[PDB]
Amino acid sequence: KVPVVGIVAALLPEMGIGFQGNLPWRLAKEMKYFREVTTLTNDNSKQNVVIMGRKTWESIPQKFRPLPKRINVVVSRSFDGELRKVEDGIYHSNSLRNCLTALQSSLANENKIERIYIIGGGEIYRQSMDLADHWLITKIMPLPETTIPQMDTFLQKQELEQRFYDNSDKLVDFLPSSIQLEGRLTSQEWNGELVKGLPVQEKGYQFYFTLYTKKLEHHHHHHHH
């Protein structure tokens, strides 16, 4: 019952997110959004968790890891079990799924996690479509003059739009209430797709903060004793 939220910056239309182990852009404003969203809580006595794969961990500059003021979890199949403190601010897990179950125990967590953010990378996100309750996706578009950057890692847009709908009308309300956003909400056609969310521009790019929410489910089975 703590929300699990995938958070990702992706280039349209392919939803590219990475190239040779690194982000394909450096956008200070996007990074500020990610920082504030994953750090900030509505309740001052809680922190959020950020969960990431080993390769993503290794790409964060050494001065900036672990990410401050958030519980960091790194997942590697070569680690020891399902959630182990290895250093201040650092947990290792050998299982994305079992670490989420572990993080959800109110006995372990004392109800002092607000949200669990899944912060990448590709392999991790592949596995999170059936785990996340919401996705915060920054939809990035090169302006007409901008060279499209090369990329090698992609968000699974098909599987996204299967399970989730664009709930960006509720993005403002979904974010911790102290964040301040520059744009107003905004529906724009771009290459035949509808892009809705909160606009910024930086460097060669325009980008929208968007929110995706699980679609309604039929009631097929509830488990009884």
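All residue numbers are counted from 1 along the displayed sequence.
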| property | result |
| --- | --- |
| Higher-B stretch (mean Cα B-factor, as the entry records it), 49-57 or 35-43 | 35-43 |
| 116-124 versus 91-99 - which carries the larger mean C-alpha B factor in the record | 91-99 |
| Of the residues 146, 150, 138, 76, the one carrying the largest Cα B-factor as recorded | 146 |
| Chain thirds of CA B-factor: placement of residue 131 | middle |
| CA B-factor placement of residue 196, once the chain's modelled residues are sorted into thirds | middle |
| Ranked against its chain, the third holding the CA B-factor of residue 30 | lowest |
| Lowest, middle or highest third - CA B-factor, residue 69 | middle |
| Ranked against its chain, the third holding the CA B-factor of residue 168 | middle |
